[PDB]
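Working notes, beginning with the structure itself.
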2 protein chains.
Amino acid sequence: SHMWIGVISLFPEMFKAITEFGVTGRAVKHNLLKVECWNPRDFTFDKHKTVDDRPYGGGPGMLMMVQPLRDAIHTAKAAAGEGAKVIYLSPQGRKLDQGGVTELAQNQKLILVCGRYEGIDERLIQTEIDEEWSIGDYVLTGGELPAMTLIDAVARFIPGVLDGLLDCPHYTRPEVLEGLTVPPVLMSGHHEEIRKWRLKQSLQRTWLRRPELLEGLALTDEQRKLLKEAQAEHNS
Amino acid sequence: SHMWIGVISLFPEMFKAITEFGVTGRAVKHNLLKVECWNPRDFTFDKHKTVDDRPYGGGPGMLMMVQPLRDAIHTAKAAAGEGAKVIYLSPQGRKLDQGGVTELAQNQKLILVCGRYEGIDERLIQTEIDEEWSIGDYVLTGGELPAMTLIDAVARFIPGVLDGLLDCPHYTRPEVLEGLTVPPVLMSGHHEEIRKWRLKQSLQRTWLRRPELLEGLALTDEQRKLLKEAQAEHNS
Ligand SMILES: CN1CCN(c2ccccc2CNc2ccc(C(N)=O)cn2)CC1
Ligand SMILES: CN1CCN(c2ccccc2CNc2ccc(C(N)=O)cn2)CC1
C-alpha cells in the first residue's frame, strides 16, 4: 500500500533528511512512499516574495501570510485528489503516541502543513485543516521536524519498508566489554528461555521506568507471572 | 552563551536540515550554535566498513557494531573536552517536555548518540551514556530525528537565537476569510483588553484540549478568574 504525503513548508529542502537517507530514503526510491512539497514562497506575487504578516491585536511575533499559504494548500489538495487528510502540526494538537501513529498510517494520502513564525491564522485551521497533532509537550522553531517525525513513524507501516512495553536490553560482540559480561541465557541457544528472559526484562524495565504504561495494558497470564517474578527479585 | 553539540550518526547529512535552514541555520552561521558530527562508518577498519552486528540470543534485527560506535563516541568526547553530557535518544528514555528542554539547555556541551537498527549494546549505555531521553511514545527508524528535535528545542534558549498554557488563536489579514471575521477586541487597539482576551483564550483552550496540564499549574488570581469566566461561557 503506497503512501502519498504532501508537505506545505517554507523549507522544503529539510525533507531531504528523510527522502534521501536510510529506511525512509529506500522507501522513497522504491516508490513505496512519495513525499511532495509545496513552498508558500512560490505562491507569492510581490517583488520580495513575502510570506509573513502582522497579527491583529499586535504582539512581538508574525504569522504566516494567509494568501500564499492558502494557495499552496489548495494546490496540494488538488494534486492529492480525493481522500487526503490535512494535518497541522502544533503544540496545541492531539499528542502523538504509537496508537495515534497507527491511526494516521491507515490513510493512503496525507497533507502536512508546517507552521513557522507564531503559526497560522485560526480561520485557516477551521477552513483547511482536518486534524491538529503534536509530537510532544515541547516547543520548536517550526513544524518541519514534527512533520518529518510523523512521516518516519507512519512509513514503518508501509508494506515492504521494513506490544506496549519498553524494549529489553540487547547485547552484541564482544563477550566482555569493560569487564561487563553478556547474560549467560543469551549464549545458551535455548530459544524459549531467551524469549522469556527478554519478555521479563521488558516488563521489568517498563515497570521501573514507565509504570503508568503498564496500567494501560491487559497483561497476559505469562506477562503477569514474569512481572511478579521481576518485582520479587527487585525487592530481594 | 555559545552551545556546542556533538552528534554521533551513520547519517550526518540529515543534520543539514537544522544547520542550513531557518532559525537554527542562522544560529549556526552566527556561531551561536555549533553542531559537529562523527560517523561510526569512518571508524571501521574492514573493507566493507561494517557498522552493524548480530545480537547475542538471536532475533530478526541487528545492533550497531560496538567498536566503530565506541571509537566515534570517544573521539567526540575528546573534542568536547570537560563537561559534556552524553545523551542517548531512545523510546526507553525519560520523556521530553519543555521543563526537560529547559534542563538540557543549561548545558554548554552535549553529545547526542543516534541509534539505528535495533539500537546499541546495553553495556555501552552503562559505560558511555549519561542520560537517556525520549521525544515521545512512538517508534522511529533512527535517533536522528529525535536528536534534531532536541537540538532545535534547546537552541531556542541560546541568547540571540530568537507559561505552561496552550497558545491563544491568532489572526492576520484579511479581515474576513471565507465569511469568518476577526474578534473585534483584536481590532480595538485596547492593549489590556487584548492581553486579557488572549490569556482567557489560552486558559479556555488548555482546559478543553489538555485539562491535565492545568492541574500541574498554580494559576494566578487573574488566571483563576478568566478560567472561571471561560468555563461559565462554555456552560451557557
Ligand atoms: C513560539 N511558537 C512558535 C510557533 N509555534 C507553532 C505553532 C503552531 C504550529 C507550528 C509551530 C511551530 N512549532 C512547533 C510545532 C509543533 C510542535 C509540536 N510539539 O508538535 C512544537 N513546536 C509554537 C511555538
Ligand atoms: C524498532 N526499534 C528500532 C530501534 N529503536 C531505537 C532504540 C534505541 C535507540 C534508538 C532507536 C531508533 N528509534 C527511535 C529513537 C528514539 C525514539 C523516541 N521516541 O525518542 C523513537 N524511535 C526503537 C524501535
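Here, residue 1 is simply the first one shown, and the rest follow in order.
Recorded method is X-ray crystallography, 1.8 Å.
Heads up, the Cβ atoms here are built off N, Cα and C, so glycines get one too.
Swiss-Prot lists A:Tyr88, A:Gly115, A:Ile135, A:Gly136, A:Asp137, A:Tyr138, A:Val139, A:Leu140 with the feature S-adenosyl-L-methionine binding site. Sequence-distant neighbours of A:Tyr88 (S-adenosyl-L-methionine binding site) (same chain, six or more apart, CB under 8 Å from its CB) are A:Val113, A:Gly115, A:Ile120, A:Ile125, A:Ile129, A:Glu131, A:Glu132, A:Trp133, A:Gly143, listed in sequence order.
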Cβ neighbours of A:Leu140 (S-adenosyl-L-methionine binding site) where a neighbour is any other Cβ within 10 Å: 25
Number of Cβ atoms other than its own within 10 Å, given for A:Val139 (S-adenosyl-L-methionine binding site): 13
Distance between A:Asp163 and A:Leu162, Cα atoms (Å), gap of 12 unmodelled residues: 17
Proximal to chain B - binding-site residues among A:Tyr88, A:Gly115, A:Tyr138, A:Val139, CB under 8 Å: A:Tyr138, A:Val139
Contacting binding-site residues for ligand 1, chosen from A:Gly115, A:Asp137, A:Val139, A:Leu140 when the Cβ sits under 6 angstroms of any of its atoms: A:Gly115, A:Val139, A:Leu140
Three-state secondary structure, which DSSP defines for A:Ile135 (S-adenosyl-L-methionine binding site): coil
A:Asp137 (S-adenosyl-L-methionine binding site), number of other Cβ atoms within 10 Å: 18
